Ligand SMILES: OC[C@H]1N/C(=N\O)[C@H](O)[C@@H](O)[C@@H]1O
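One chain is shown next in structure tokens, namely the form solved without the named molecule.
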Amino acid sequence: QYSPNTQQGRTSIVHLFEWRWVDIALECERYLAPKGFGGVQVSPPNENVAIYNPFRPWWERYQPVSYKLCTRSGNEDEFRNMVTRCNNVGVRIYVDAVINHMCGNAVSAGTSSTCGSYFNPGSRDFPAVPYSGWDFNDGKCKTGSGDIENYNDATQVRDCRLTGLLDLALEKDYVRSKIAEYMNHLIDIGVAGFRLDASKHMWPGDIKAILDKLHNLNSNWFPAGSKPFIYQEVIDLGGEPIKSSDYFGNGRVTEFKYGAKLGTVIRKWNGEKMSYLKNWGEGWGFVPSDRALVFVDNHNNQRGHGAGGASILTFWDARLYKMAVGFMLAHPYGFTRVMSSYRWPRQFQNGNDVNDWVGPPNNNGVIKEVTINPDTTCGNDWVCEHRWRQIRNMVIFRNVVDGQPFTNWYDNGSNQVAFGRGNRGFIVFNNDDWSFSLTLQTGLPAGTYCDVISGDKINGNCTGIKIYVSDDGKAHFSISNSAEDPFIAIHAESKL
């Protein structure tokens, strides 16, 4: 459950948030495969509640109605088509599994679901599965509201309703079997792993029980005996009775302190500075690297919905964002997930975004197609950070120096730091309010390298900056604090 199941040489996965199956399938063939991306985390593929007030929010996909592969992203046949096409070109698919609960207990009964299945929250009736009042924790929860009220009580956090969401009785074998039946359907189709949503709200033991009933990955694409990659969404910042380590036996966990801390460091908040990143990783109290799934931002914190807070860096802060993602992809700590978002009308009212619910670009509910501009960018309001040259080239950088030790560290005691990865890559950052101009030891073989942040290497030429490494491995670097991108990265595959 700890290995991504990616093809050799691919070290990152990208979250194509709310994308349609047909668009992901094309992206796999025309872009992800040739650019070295390892896999794609997709939005929940199972039927959810269609919420019209507000109008089709992104979070409606976290309110299951059944396990039918029928959503705004497409139907079962399109889902199968995408997984097959992606696998065939070497890019894995990771499914967002919402198995801790069903929909809001106050949602009206009827057929307001992405696939028209009938449901009745009030009587706990989900005939499309089927589930009944017997399959929920209504009797198990002890709070007077039926919802979670105190997060210092590990018991209610697991047996009570998370913000009113009908909480499934995951201890019952019937329930575990229904969920496993859904998950095995996905595995046989070709998926390589799963993101387990709201894992902190499920007992680690119930999760194991469910994982016990799972098949091995599809033998047409994976080696015999391969287990699905598992990463659980556990929001664990400081002192809480529940800890991330409680889930190490099921697979990896999301390390939410990663982005929260990196964000305040890059922003230079509360006295933090880049020179402190010298012992980044476990040194900062993070979970062991072999159990970590890291990221700068996620879909549920880039819009204030969760762990991270105000330090969280997103595409809205493009300059600092690229630099944070650049640092993450260059540093050996954890397995990295890249975010891919859509733009929405941010509308702050007293420091809070009142439009944080807004769903993907659409036309009366129908998700808009991801268009590709002649300059390789995306249209129709899709940000496509994974297509930004600076992010894209850092994704390749991580593949190139994979397995190389963190070495040749340098810092000016403030926010000008550099470090290498064995003799395969080197990166330099300038986050101070003055220019950087110094000759550094790179640990790389002499030669001319193309800077992959400002440009690309093409048939024997660079389209951006060029770095000259001498016989002694030294190279001069000049970065203005006013530079578009105050960082430079070079690697073995960018050598001319």
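One rule holds for the numbers: they count along the sequence shown, beginning at 1.
Below: the form solved in complex with the named molecule, not depicted.
Student: Does this chain block the named molecule or leave room for it once its pose in the bound PDB entry is superposed onto the site C-alphas (blocked: 3 or more ligand atoms within 2.4 Å of backbone or C-beta; open: none)?
Tutor: Check passed, pocket reads open.
Student: Going by heavy atoms within 4.5 Å, which of 179-187, 199-207, 418-426, 404-412 lines up against the named molecule in the bound PDB entry?
Tutor: Among the candidates, contact is made by 199-207.
Student: Let me know the one among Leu162, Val89, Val400, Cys141 whose heavy atoms come within 4.5 Å of the named molecule in the bound PDB entry, would you?
Tutor: Exactly one listed residue reaches within 4.5 Å, namely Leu162.
Student: Look up in the bound PDB entry whether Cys115 has a non-hydrogen atom within 4.5 angstroms of the named molecule, and give yes or no.
Tutor: The answer is no: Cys115 has no heavy atom within 4.5 Å of the named molecule.
Student: Taking the shortest heavy atom distance, is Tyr151 within 4.5 Å of the named molecule in the bound PDB entry?
Tutor: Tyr151: contacts the named molecule in the bound PDB entry.
Student: Counting only non-hydrogen atoms and a 4.5 Å cut-off, give the residues of 94-127 close to the named molecule in the bound PDB entry.
Tutor: Contacts from 94-127: none.
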